[PDB]
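Single chain ahead, written as structure tokens, the form deposited in one PDB entry.
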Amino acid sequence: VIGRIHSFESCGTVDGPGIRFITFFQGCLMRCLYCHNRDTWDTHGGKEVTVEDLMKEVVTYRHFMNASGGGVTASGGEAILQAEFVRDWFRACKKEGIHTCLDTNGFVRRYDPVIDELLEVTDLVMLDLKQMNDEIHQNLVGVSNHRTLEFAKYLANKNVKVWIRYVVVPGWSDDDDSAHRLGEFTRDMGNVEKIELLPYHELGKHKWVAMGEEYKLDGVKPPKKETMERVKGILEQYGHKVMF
């Protein structure tokens, strides 16, 4: 099986537990307006690769991983689109005593055997919930949030170590209603270890510019500690380790 990837960071510090080897896969079906990897969308592009090649790199960093309590992370655009390849990669990592992390948007269309097979070999999934209010979601992301929420149910329903990531963008996900909805939604499920909030940042805009596409959020400045603070409490009410 061939893997089409955008790039990889031999060892990032903000892509899950400890220091991790992150591979950014090519292609994404969503169109978040704040996406900092816009050049990650196209299905075509990015180098092809095999797990043999990947491991031939990830292993050399065993050191930083063990020492940081890290591992590897599948991210980029939407890794879940190359589910066959990813689960193969984790199967290889599992067999190296390596910890696996899947950074996804959970837009799972067909629940094939490979989905369960991937999750079977996945240690932690940082599932993004971009907006509980679908009216907003459809405009913020370009698609309904039903498939993602279903994937969330699915996960909880199988006790999968989850981290909910909620990117807080001004005027779109900073309001208190949306904060409760999330807090309520994820409360049901107890497999969601914590809720990591992420402040919006202008970056990866040039990726749009470079692609003659207009970056709408242009101008939008990052949210204030006050705001993040507010949301945090709203969610800490439902009893989550809401750590931003």
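Note that the rigid core is defined as the largest set of C-alphas that superpose within 1.5 Å between two forms. Position 1 is the first residue in the sequence shown; the rest follow in order.
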- line: Higher avg CA temperature factor (31-39 vs 201-209, as deposited) belongs to 201-209
statement: For 225-233 versus 21-29, entry-based mean Cα B-factors point to 225-233
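We do not show the form deposited in another entry, though everything after this point is about it.
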message: Taking the rigid core as the reference frame, tell me whether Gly204 has a CA displacement of 2 angstroms or more between this form and the one not shown.
response: no
query: Is there a C-alpha shift of 2 Å or more at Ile19 between this form and the one not shown once the rigid core is superposed?
result: yes
- prompt: If we fit on the core, is the Cα of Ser68 displaced 2 Å or more between this form and the one not shown?
  reply: yes
